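Spelled out from the first residue to the last, the chains are:
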Amino acid sequence: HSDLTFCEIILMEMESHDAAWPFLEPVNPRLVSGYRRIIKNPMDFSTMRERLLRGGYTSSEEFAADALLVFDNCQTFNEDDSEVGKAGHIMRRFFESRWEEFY
Ligand SMILES: Cn1cc(C(=O)NCC2(N)CCCCC2)ccc1=O
């Protein structure tokens with residue numbers, strides 16, 4: 001669980017980050033056209049928080065894959081110069097920068 005002790009740190013930092021607003025809650029496909037069709041496996045921070053609190057993550061590698069899935073989805077659905085896309089890149093860089101510090 002010394003792997004998952006840093007996960008709580010990095011998730012709450014991503015939760016409180018300025019550019020996290022597109023990823024705090026799951027996308028509502030009733031509100032975003034095409035999202036159901038485009039994104040097969042949606043992911044967001046609150047779903048990751050949910051899962052981490054019940055301890056569903058067995059290793060820190062599973063936690064990183066959920067993080068990378070938030071940004072892979074973001075880059076698949078949103079243009080790089082979109083508001084959501086621009087935020088996704090800041091969040092993605094922040095996650096990689098922060099993850100590379102514990103490992
Ligand atoms: C992860 N992600 C988030 C969004 C997003 O949040 N757009 C703004 C919104 N919060 C307010 C007005 C429309 C509904 C949602 C869009 C595409 C995406 O891939």
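Residues numbered from 1 in each chain as written, not as in the entry; some residues may be left out. Heavy atoms only, no water.

- If you check the header, you'll see the entry was determined by X-ray crystallography and the resolution is listed as 2.500 Å.

A look at the site of the ligand
Argument step 1. Lining the immediate surroundings of the ligand are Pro-22, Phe-23, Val-27, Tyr-35, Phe-77, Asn-78 and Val-84.
Argument step 2. The side chain of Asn-78 places a nitrogen or oxygen atom 2.9 Å from an oxygen atom of the ligand.
Argument step 3. Starting from 450 Å² of accessible surface for the ligand in isolation, the protein chains cover 62%.
Argument step 4. Of the residues belonging to the shell around the ligand, the class tally is six nonpolar, one polar and no charged. (Near = heavy atom within 4 Å. Polar contact = N/O pair within 3.5 Å; in protein donor to acceptor, adjacent residues only side chain to side chain. Areas by Shrake-Rupley, 256 points an atom, 1.4 Å probe, with all protein chains shown as cover. Nonpolar A, V, L, I, M, F, W, Y, C, P; charged D, E, K, R; others polar.)

Considerations on the side chain of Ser-60
Argument step 1. You can see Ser-60 is positioned in helix α4 (residues 60-77).
Argument step 2. A polar contact of 2.7 Å, which involves the side chain of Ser-60, links it to the side chain of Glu-61. (Helix = DSSP H or I, 4+ residues; strand = E, 2+ residues; numbered from the N terminus.)

Considering the nonpolar core
Argument step 1. Judged by nonpolar contacts, the single largest core of 24 residues is most densely connected at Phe-45, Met-48, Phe-63, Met-91 and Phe-95.
Argument step 2. In this view, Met-91 contacts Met-14, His-17, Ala-19, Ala-20, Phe-23, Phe-45 and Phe-71; residues no more than four positions away in its chain are not counted. (Core = buried A, V, L, I, M, F, W, Y, C linked by side-chain atoms within 4.5 Å. Buried < 20%, exposed > 50% of the residue type's maximum accessible area, 1.4 Å probe, protein only. Contact = heavy atoms within 4.5 Å.)

Regarding helix α5 (residues 83-102)
Argument step 1. Taking 1.5 Å per residue as the helical rise, α5 with its 20 residues ought to reach 28 Å, and the 30 Å between its terminal C-alpha atoms agrees with that figure.
Argument step 2. Turning to α5, its buried residues number three or more, namely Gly-85, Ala-87, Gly-88, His-89, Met-91, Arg-92, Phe-95 and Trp-99.
Argument step 3. Packing partners of the buried residues in α5 comprise α1 (2-16), α3 (45-53) and α4.
Argument step 4. Measuring from the backbone nitrogen of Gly-85 back to the side-chain oxygen at the start of α5 gives 2.7 Å, which picks out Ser-82 as the cap. (Expected span 1.5 Å × (residues − 1).)

Some words on the packing of α4 against α5
Argument step 1. Running from N to C, α4 and α5 cross one another at 155°; their axes reach a closest spacing of 9 Å. In terms of orientation, α4 and α5 fall into the roughly antiparallel class. Between α4 and α5 the crossing geometry is left-handed. Here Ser-60, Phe-63, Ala-64, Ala-67, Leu-68, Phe-71, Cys-74 and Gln-75 of α4 lie close against α5, whose contacting residues are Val-84, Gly-85, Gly-88, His-89, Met-91, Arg-92, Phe-95 and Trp-99. (Axes fitted to C-alpha atoms, helices over the stretch in contact; angles between N-to-C directions. Parallel < 35°, antiparallel > 145°, perpendicular 65-115°, else oblique. Left-handed = near helix turned anticlockwise from the far one by under 90°.)

Digging into the environment of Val-32
Argument step 1. Checked against the element boundaries, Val-32 lands in the loop between α1 and α2 (35-38).
Argument step 2. By relative accessible area, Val-32 is classed as partly exposed at 28%.

A word on the environment of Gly-56
Argument step 1. Mapped onto the fold, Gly-56 is located in the loop between α3 and α4.
Argument step 2. According to the relative accessible area criterion, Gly-56 is partly exposed, its value standing at 35%.

Description of the packing of aromatic side chains
Argument step 1. Using the criterion set out here, one finds 11 aromatic pairs in the structure.
Argument step 2. An angle of 80° between the planes, with centres 6.1 Å apart, marks the rings of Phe-23 and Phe-71 as edge-to-face. With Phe-23 in the loop between α1 and α2 and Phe-71 in helix α4, this pair connects stretches of sequence that are 48 residues apart.
Argument step 3. Taking the relative accessible area as the measure of exposure, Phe-23 reaches 5% and is therefore buried. (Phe/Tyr/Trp six-rings, centres within 6.5 Å; stacked < 30°, edge-to-face > 60°.)

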